[PDB]
Amino acid sequence: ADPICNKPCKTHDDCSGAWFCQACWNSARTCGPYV
Amino acid sequence: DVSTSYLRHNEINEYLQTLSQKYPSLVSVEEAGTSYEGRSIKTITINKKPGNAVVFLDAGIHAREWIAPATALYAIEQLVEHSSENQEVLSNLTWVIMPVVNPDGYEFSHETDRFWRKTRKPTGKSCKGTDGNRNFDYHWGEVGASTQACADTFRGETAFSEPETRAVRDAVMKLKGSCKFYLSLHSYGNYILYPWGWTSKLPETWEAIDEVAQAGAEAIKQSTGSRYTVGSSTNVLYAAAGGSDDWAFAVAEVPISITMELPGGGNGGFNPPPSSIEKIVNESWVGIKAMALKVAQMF
Ligand SMILES: [Zn+2]
């Protein structure tokens, strides 16, 4: 239900407006939830 | 037995008390604190021997990460109900395991909101909950922690504002000097992480913690083949200042402090189906036992 999930990212700002996958995982380089 | 379904917090406590009744010479079940809503936060001490190195394991600081308490319960079951198969980690090692750190959120996740993360203590109107893994008093409130009460990573009103994190603090502090391995179970991501969470710079003794983390990842790779990425939490996952592993390493002076991200499943990552519990906890315990064995072999 969150289109920003698994979106490629370099910083957390690339995951803005996600509400679930707000975190940019460093190793995965994709937007994911806080774990 | 404990890997067939996701246990509620009350069921988790009755299981611990049953083990206390059944194995009194091996285990001791003690209350480390009381949650905000009044739930008993319990620990089980396994193989208490004077002069032993102590491994402190907690899980479920974040509500939706159901596989972390499940793995902790599976570790308890293997060590207590199958102690004859785990003598290598039951000779000079004493285990203190806290299967659920945040029972209020965990019960809330079961009943109301499956993907709740924080605690349930009100934050001063309009929003409830504090990120427990941003509530520890070492570089508290810094990068990776939010000052907004409604954020997933809310640092809290003050450091150690949550009784749940104070229970972890007091239990680890009571083991200061004897506690050589702090392990915090999380989900998900297949990671074995260590300080620091407030900077990308590595600690002076990062190699020692890295070697322990490598042993866990290597054992899982040999057993099931699954990959675990090893490194500092900031460099591998993200900045998470105020975490429990940083506090235990620096304030409690636990030499080996590790945060473990267990395998994900389901449509949300945090929610593997109950049928997948047994495989995940079995694989996770292989890594966890290997790290503990590596810790025991240091002496
Ligand atoms: Zn977590």
# chains A, B, ... in the order shown; residues from 1 in each chain; ligands from 1
$ interface_residues --of "chain A" --to "chain B" --cutoff "8 Å" --atoms "only C-alpha atoms" --output "PDB file with N, CA, C and O atoms, in the first residue's frame"
ATOM      1  N   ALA A  23      12.655   5.064   5.589  1.00  0.00           N
ATOM      2  CA  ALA A  23      14.088   4.950   5.819  1.00  0.00           C
ATOM      3  C   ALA A  23      14.789   4.470   4.555  1.00  0.00           C
ATOM      4  O   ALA A  23      14.322   3.536   3.894  1.00  0.00           O
ATOM      5  N   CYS A  24      15.905   5.113   4.223  1.00  0.00           N
ATOM      6  CA  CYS A  24      16.759   4.674   3.126  1.00  0.00           C
ATOM      7  C   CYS A  24      17.805   3.720   3.690  1.00  0.00           C
ATOM      8  O   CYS A  24      18.714   4.141   4.413  1.00  0.00           O
ATOM      9  N   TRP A  25      17.675   2.437   3.365  1.00  0.00           N
ATOM     10  CA  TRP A  25      18.635   1.450   3.840  1.00  0.00           C
ATOM     11  C   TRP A  25      19.952   1.616   3.091  1.00  0.00           C
ATOM     12  O   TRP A  25      19.975   1.657   1.857  1.00  0.00           O
ATOM     13  N   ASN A  26      21.049   1.717   3.843  1.00  0.00           N
ATOM     14  CA  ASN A  26      22.337   2.054   3.244  1.00  0.00           C
ATOM     15  C   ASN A  26      22.839   0.944   2.326  1.00  0.00           C
ATOM     16  O   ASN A  26      23.222   1.201   1.178  1.00  0.00           O
ATOM     17  N   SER A  27      22.851  -0.298   2.814  1.00  0.00           N
ATOM     18  CA  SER A  27      23.384  -1.395   2.013  1.00  0.00           C
ATOM     19  C   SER A  27      22.455  -1.748   0.858  1.00  0.00           C
ATOM     20  O   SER A  27      22.916  -1.992  -0.264  1.00  0.00           O
ATOM     21  N   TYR A  34      11.399   1.438   9.080  1.00  0.00           N
ATOM     22  CA  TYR A  34      12.278   1.364  10.237  1.00  0.00           C
ATOM     23  C   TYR A  34      12.148  -0.011  10.879  1.00  0.00           C
ATOM     24  O   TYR A  34      11.037  -0.484  11.138  1.00  0.00           O
ATOM     25  N   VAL A  35      13.282  -0.655  11.128  1.00  0.00           N
ATOM     26  CA  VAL A  35      13.277  -2.027  11.615  1.00  0.00           C
ATOM     27  C   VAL A  35      13.872  -2.111  13.015  1.00  0.00           C
ATOM     28  O   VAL A  35      14.359  -3.163  13.430  1.00  0.00           O
TER      29      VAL A  35
END
$ select_by_dssp --residues "chain A" --states "strand (DSSP E)" --output "ChimeraX atom specification"
/A:23-24,31-32
$ residues_around --residues "residue B:127" --least-positions-apart "6" --cutoff "10 Å" --atoms "only C-alpha atoms" --output "list in words"
residues 120, 121, 148, 149, 150 and 151 of chain B
$ write_last_selection --atoms "C-alpha atoms" --output "PDB file, in the first residue's frame"
ATOM      1  CA  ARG B 120       2.216   3.031  24.253  1.00  0.00           C
ATOM      2  CA  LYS B 121       3.008   5.796  26.759  1.00  0.00           C
ATOM      3  CA  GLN B 148       8.542  14.825  16.771  1.00  0.00           C
ATOM      4  CA  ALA B 149       6.275  12.812  19.053  1.00  0.00           C
ATOM      5  CA  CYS B 150       4.355  11.324  16.103  1.00  0.00           C
ATOM      6  CA  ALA B 151       7.420  10.003  14.253  1.00  0.00           C
TER       7      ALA B 151
END
$ select_by_dssp --residues "stretch 26-86 of chain B" --states "helix (DSSP H, G or I)" --output "number ranges by chain"
B: 67-81, 83-85
$ closest_residue --among "B:34, B:244, B:52, B:21" --to "ligand 1" --atoms "only C-alpha atoms and all ligand atoms"
B:244
$ residues_around --residues "residue B:241" --least-positions-apart "5" --cutoff "12 Å" --atoms "only C-alpha atoms" --output "short mmCIF file (atom, residue, chain, number, x, y, z; two decimals) with N, CA, C and O atoms, in the first residue's frame"
data_model
loop_
_atom_site.label_atom_id
_atom_site.label_comp_id
_atom_site.auth_asym_id
_atom_site.auth_seq_id
_atom_site.Cartn_x
_atom_site.Cartn_y
_atom_site.Cartn_z
N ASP B 131 9.98 5.54 20.45
CA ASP B 131 10.88 4.52 19.90
C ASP B 131 11.84 4.08 21.00
O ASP B 131 12.72 4.84 21.41
N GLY B 132 11.68 2.84 21.47
CA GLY B 132 12.53 2.34 22.53
C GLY B 132 14.00 2.31 22.14
O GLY B 132 14.88 2.56 22.97
N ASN B 133 14.29 1.99 20.88
CA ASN B 133 15.66 1.94 20.40
C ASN B 133 16.21 3.31 20.03
O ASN B 133 17.23 3.39 19.34
N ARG B 134 15.55 4.38 20.45
CA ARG B 134 16.11 5.73 20.44
C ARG B 134 16.06 6.37 21.82
O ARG B 134 16.23 7.58 21.94
N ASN B 135 15.82 5.57 22.86
CA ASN B 135 15.53 6.07 24.20
C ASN B 135 16.66 5.82 25.19
O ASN B 135 16.50 6.09 26.38
N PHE B 136 17.80 5.31 24.73
CA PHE B 136 18.91 5.00 25.62
C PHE B 136 19.87 6.17 25.71
O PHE B 136 20.08 6.91 24.75
N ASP B 137 20.46 6.34 26.90
CA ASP B 137 21.21 7.56 27.24
C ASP B 137 22.68 7.41 26.84
O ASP B 137 23.59 7.35 27.68
N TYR B 138 22.91 7.37 25.53
CA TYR B 138 24.25 7.53 24.98
C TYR B 138 24.10 8.14 23.60
O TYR B 138 23.58 7.49 22.69
N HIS B 139 24.57 9.38 23.44
CA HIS B 139 24.31 10.17 22.24
C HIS B 139 22.82 10.22 21.94
O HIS B 139 22.38 10.12 20.79
N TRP B 140 22.02 10.36 22.99
CA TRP B 140 20.57 10.34 22.87
C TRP B 140 20.07 11.56 22.11
O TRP B 140 20.59 12.67 22.26
N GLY B 141 19.06 11.34 21.27
CA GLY B 141 18.43 12.41 20.53
C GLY B 141 19.20 12.93 19.34
O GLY B 141 18.84 13.97 18.79
N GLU B 142 20.25 12.23 18.92
CA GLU B 142 21.10 12.66 17.83
C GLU B 142 20.60 12.06 16.51
O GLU B 142 19.45 11.61 16.42
N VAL B 143 21.44 12.10 15.47
CA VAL B 143 21.04 11.70 14.12
C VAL B 143 20.37 10.33 14.13
O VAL B 143 20.80 9.40 14.83
N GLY B 144 19.29 10.21 13.36
CA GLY B 144 18.50 9.00 13.33
C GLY B 144 17.37 8.96 14.33
O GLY B 144 16.56 8.02 14.29
N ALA B 145 17.30 9.93 15.23
CA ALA B 145 16.21 10.06 16.19
C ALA B 145 15.44 11.34 15.90
O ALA B 145 16.03 12.35 15.51
N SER B 146 14.13 11.28 16.08
CA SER B 146 13.25 12.40 15.77
C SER B 146 12.79 13.08 17.05
O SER B 146 12.53 12.42 18.06
N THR B 153 10.51 7.24 14.92
CA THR B 153 11.78 7.23 15.65
C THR B 153 11.81 8.31 16.73
O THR B 153 12.87 8.90 16.99
N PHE B 154 10.68 8.58 17.37
CA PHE B 154 10.63 9.60 18.41
C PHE B 154 11.55 9.22 19.56
O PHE B 154 11.42 8.13 20.14
N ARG B 155 12.47 10.12 19.90
CA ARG B 155 13.47 9.85 20.92
C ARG B 155 12.88 9.77 22.32
O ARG B 155 13.53 9.25 23.23
N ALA B 159 15.86 11.05 27.85
CA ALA B 159 16.53 9.76 27.79
C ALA B 159 15.98 8.85 28.88
O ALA B 159 15.74 9.29 30.01
N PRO B 195 27.79 -1.21 17.13
CA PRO B 195 28.04 0.24 17.16
C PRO B 195 29.02 0.68 16.07
O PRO B 195 29.83 -0.11 15.59
N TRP B 196 28.94 1.95 15.68
CA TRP B 196 28.07 2.95 16.30
C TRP B 196 26.79 3.24 15.51
O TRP B 196 26.74 3.04 14.30
N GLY B 197 25.77 3.75 16.21
CA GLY B 197 24.55 4.17 15.57
C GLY B 197 24.42 5.68 15.45
O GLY B 197 23.46 6.18 14.85
N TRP B 198 25.37 6.41 16.02
CA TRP B 198 25.38 7.87 15.98
C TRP B 198 26.43 8.43 15.04
O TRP B 198 26.48 9.65 14.84
N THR B 199 27.28 7.58 14.46
CA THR B 199 28.29 8.03 13.51
C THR B 199 28.68 6.86 12.63
O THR B 199 28.49 5.70 12.98
N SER B 200 29.22 7.19 11.45
CA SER B 200 29.74 6.17 10.55
C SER B 200 31.13 5.70 10.94
O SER B 200 31.62 4.72 10.37
N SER B 233 25.98 -0.44 12.39
CA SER B 233 24.57 -0.18 12.09
C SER B 233 24.41 1.04 11.20
O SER B 233 23.59 1.04 10.27
N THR B 234 25.17 2.11 11.48
CA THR B 234 25.07 3.31 10.66
C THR B 234 25.51 3.04 9.22
O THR B 234 24.85 3.49 8.27
N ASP B 246 24.49 0.58 21.39
CA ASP B 246 25.47 1.62 21.67
C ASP B 246 25.59 1.88 23.17
O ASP B 246 26.69 2.02 23.70
N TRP B 247 24.45 1.95 23.87
CA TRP B 247 24.47 2.22 25.30
C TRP B 247 25.13 1.09 26.07
O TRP B 247 25.93 1.34 26.98
#
$ atom_distance --atom1 "atom CA of residue B:7" --atom2 "atom CA of residue B:79"
18.7 Å
$ closest_residue --among "B:172, B:68, B:230, B:291" --to "ligand 1" --atoms "only C-alpha atoms and all ligand atoms"
B:68
$ atom_distance --atom1 "atom CA of residue B:5" --atom2 "atom CA of residue B:67"
10.3 Å
$ atom_distance --atom1 "atom CA of residue B:33" --atom2 "atom CA of residue B:167"
5.0 Å
$ closest_residue --among "B:118, B:128, B:279, B:48" --to "ligand 1" --atoms "only C-alpha atoms and all ligand atoms"
B:118
$ residues_around --residues "residue A:22" --least-positions-apart "2" --cutoff "10 Å" --atoms "only C-alpha atoms" --output "list in words"
residues 2, 4, 5, 12, 13, 14, 15, 16, 17, 18, 19, 20, 24, 25, 31, 32, 33 and 34 of chain A; 152 of chain B
$ write_last_selection --atoms "N, CA, C and O atoms" --output "compact mmCIF listing (two decimals), in the first residue's frame"
# COMPACT_ATOMS: atom_id res chain seq x y z
N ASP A 2 2.18 1.06 0.07
CA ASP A 2 3.13 2.17 0.07
C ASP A 2 3.99 2.11 -1.19
O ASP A 2 4.92 1.29 -1.27
N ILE A 4 6.32 3.97 -2.21
CA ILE A 4 7.71 4.35 -1.99
C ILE A 4 8.56 3.19 -1.51
O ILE A 4 9.80 3.28 -1.55
N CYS A 5 7.95 2.09 -1.07
CA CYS A 5 8.72 0.93 -0.65
C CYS A 5 9.51 0.36 -1.82
O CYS A 5 8.99 0.23 -2.94
N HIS A 12 17.74 9.81 3.00
CA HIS A 12 16.39 9.65 3.51
C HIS A 12 15.39 10.55 2.79
O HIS A 12 14.20 10.23 2.74
N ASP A 13 15.86 11.67 2.22
CA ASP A 13 14.96 12.58 1.53
C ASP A 13 14.34 11.93 0.29
O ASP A 13 13.24 12.31 -0.12
N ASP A 14 15.04 10.96 -0.31
CA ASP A 14 14.48 10.25 -1.45
C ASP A 14 13.28 9.39 -1.07
O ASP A 14 12.52 8.98 -1.95
N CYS A 15 13.09 9.11 0.22
CA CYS A 15 11.96 8.35 0.72
C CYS A 15 10.88 9.24 1.33
O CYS A 15 10.03 8.75 2.08
N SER A 16 10.91 10.54 1.04
CA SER A 16 9.94 11.46 1.61
C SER A 16 8.54 11.15 1.11
O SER A 16 8.34 10.72 -0.03
N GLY A 17 7.55 11.37 1.98
CA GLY A 17 6.17 11.06 1.65
C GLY A 17 5.90 9.58 1.49
O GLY A 17 5.21 9.18 0.54
N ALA A 18 6.42 8.75 2.39
CA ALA A 18 6.28 7.30 2.32
C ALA A 18 5.35 6.73 3.37
O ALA A 18 4.63 5.77 3.08
N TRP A 19 5.42 7.22 4.60
CA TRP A 19 4.58 6.89 5.75
C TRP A 19 4.79 5.47 6.25
O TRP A 19 4.47 5.17 7.41
N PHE A 20 5.40 4.60 5.44
CA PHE A 20 5.77 3.28 5.93
C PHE A 20 7.25 3.01 5.68
O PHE A 20 7.99 2.64 6.60
N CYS A 24 15.90 5.11 4.22
CA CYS A 24 16.76 4.67 3.13
C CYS A 24 17.81 3.72 3.69
O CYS A 24 18.71 4.14 4.41
N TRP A 25 17.68 2.44 3.37
CA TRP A 25 18.64 1.45 3.84
C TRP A 25 19.95 1.62 3.09
O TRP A 25 19.98 1.66 1.86
N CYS A 31 14.31 2.29 -0.34
CA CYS A 31 13.48 2.77 0.76
C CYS A 31 12.80 1.60 1.46
O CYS A 31 12.19 0.74 0.81
N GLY A 32 12.92 1.56 2.78
CA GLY A 32 12.30 0.53 3.58
C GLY A 32 11.82 1.07 4.91
O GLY A 32 12.12 2.21 5.29
N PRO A 33 11.06 0.27 5.64
CA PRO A 33 10.56 0.72 6.94
C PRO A 33 11.66 0.72 7.99
O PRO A 33 12.72 0.12 7.82
N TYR A 34 11.40 1.44 9.08
CA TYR A 34 12.28 1.36 10.24
C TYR A 34 12.15 -0.01 10.88
O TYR A 34 11.04 -0.48 11.14
N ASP B 152 8.04 7.71 13.80
CA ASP B 152 8.38 6.33 14.15
C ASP B 152 9.61 6.26 15.04
O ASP B 152 9.76 5.32 15.82
